[PDB]
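Included below are structure tokens for two forms of one protein chain, each presented in isolation as structure 1 and structure 2.
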Structure 1
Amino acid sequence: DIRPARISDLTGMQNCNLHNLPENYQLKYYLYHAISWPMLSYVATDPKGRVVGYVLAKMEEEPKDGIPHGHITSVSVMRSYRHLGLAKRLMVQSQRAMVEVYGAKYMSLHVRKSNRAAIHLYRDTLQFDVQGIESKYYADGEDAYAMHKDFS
């Protein structure tokens, strides 16, 4: 059901976002970056091989002081498969690989201010802190919450 993401998963991934299309805006870019950090990014696949959820991530390329840290760049579970703990499961596997493989000291992400489900997922169940608002972060103008999880 869960396996590393591949370049050929792009179409399946796009199809997870049929009812929240802004998640496709940067998907290809983030997928290319994901692939260049093996073991960080995962797809969840139904009995027919169909992608029904995914997590994309990357390590910072030129970290300050050489201190490794990670970014979750996109996570999505199609509506049919939501509320099953799939996103939780994907995020945890990505987290564990960041720490165990690349020695991440922490991880960061951005989320739209209006994305109540994702904020709850990050803040309540995965215990991220909120650093603050990054004004006009998205191409369409919306602010992002900048969020962080320390692996200390």
Structure 2
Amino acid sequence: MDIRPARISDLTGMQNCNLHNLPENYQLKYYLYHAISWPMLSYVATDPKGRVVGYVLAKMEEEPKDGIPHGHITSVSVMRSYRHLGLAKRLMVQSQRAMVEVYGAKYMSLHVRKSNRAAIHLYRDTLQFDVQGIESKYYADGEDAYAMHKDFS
């Protein structure tokens, strides 16, 4: 697989990947808003034909919680066929390094639904995130989110 920074021209393919894999979706405009606002934070995995097969869609907190700059994963997923390879872990490390070097992020945070065993085992155990707390009825269907938060230090 080929992991590399996201470009404008592969945003639609990030969207399509999101649509296939996650209940939480956005219109293309919101992807564009990520690209123009933080042009090097998002990464993408492509297949031999160049189409998007995994991604992380990252940003920096617009309204900084307590004045300290920090990153936010807003979405990450991989087509079912390319799972269990290391794609997500690798997409996550690339994106994190950029938050630090370009924006001076002192930490990053994300949301996972309480039952997503997969995502938890990825952040908590193999990317060393902490469970910050629990956000009641965060997803549209009412499921609770774990707020996860990794401190850079």
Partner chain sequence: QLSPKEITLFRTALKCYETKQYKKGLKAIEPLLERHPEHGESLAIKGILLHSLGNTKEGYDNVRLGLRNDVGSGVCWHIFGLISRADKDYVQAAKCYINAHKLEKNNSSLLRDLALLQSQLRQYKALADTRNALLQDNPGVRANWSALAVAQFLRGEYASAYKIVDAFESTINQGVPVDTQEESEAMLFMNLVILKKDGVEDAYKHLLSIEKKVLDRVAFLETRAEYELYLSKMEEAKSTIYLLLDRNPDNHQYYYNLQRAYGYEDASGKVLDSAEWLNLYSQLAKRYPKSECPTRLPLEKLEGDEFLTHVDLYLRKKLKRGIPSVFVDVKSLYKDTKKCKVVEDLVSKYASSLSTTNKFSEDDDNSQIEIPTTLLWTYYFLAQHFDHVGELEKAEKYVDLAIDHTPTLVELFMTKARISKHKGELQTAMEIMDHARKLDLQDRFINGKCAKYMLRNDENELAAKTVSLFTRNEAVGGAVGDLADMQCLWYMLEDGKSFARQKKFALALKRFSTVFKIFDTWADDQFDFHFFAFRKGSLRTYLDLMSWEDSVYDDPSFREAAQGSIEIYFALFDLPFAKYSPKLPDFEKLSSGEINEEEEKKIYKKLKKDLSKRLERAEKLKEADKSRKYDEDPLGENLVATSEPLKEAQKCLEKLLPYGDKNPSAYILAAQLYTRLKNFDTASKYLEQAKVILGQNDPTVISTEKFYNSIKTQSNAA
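Each form is matched to the other, and the largest set of C-alpha atoms that superpose within 1.5 Å is called the rigid core. Residues that one form lacks are left out of the comparison. Residue positions are counted from 1 along structure 1's sequence.
Student: These are two forms of one chain. I'd like to know which is the form deposited without its partner chain.
Tutor: Between the two, the form deposited without its partner chain is shown as structure 1, not structure 2.
Student: I want to check residue 108: does it shift between structure 1 and structure 2 by 2 Å or more at the Cα, with the core superposed?
Tutor: Residue 108 C-alpha, core-superposed: shift of less than 2 Å.
Student: On a rigid core superposition, would residue 25 pass a 2 Å threshold for CA movement between structure 1 and structure 2?
Tutor: Comparing the forms between structure 1 and structure 2, which are aligned on their rigid core, residue 25 does shift its C-alpha by 2 Å or more.
Student: Rigid core superposed, CA of residue 10 - does it shift 2 Å or more between structure 1 and structure 2?
Tutor: Yes; that C-alpha moves by at least 2 Å between structure 1 and structure 2.
Student: So if we fit the rigid core, how much does the CA of residue 140 shift between structure 1 and structure 2, in Å?
Tutor: Superposing on the rigid core gives a C-alpha shift of 1.4 Å for residue 140.
Student: Would you look up how far the C-alpha of residue 62 moves between structure 1 and structure 2 when the rigid core is overlaid, in angstrom?
Tutor: Superposing on the rigid core gives a C-alpha shift of 2.2 Å for residue 62.
Student: Residue 128: how far does its C-alpha move between structure 1 and structure 2, core aligned, in angstrom?
Tutor: Rounded to one decimal, the shift is 0.2 Å.
Student: For a quick check of understanding: after superposing on the core, name the runs of at least three residues, shared by both forms, whose CA atoms each shift 2 angstroms or more between structure 1 and structure 2.
Tutor: Flagged stretches (3+ res, CA at least 2 Å): 2-21, 23-35, 64-66.
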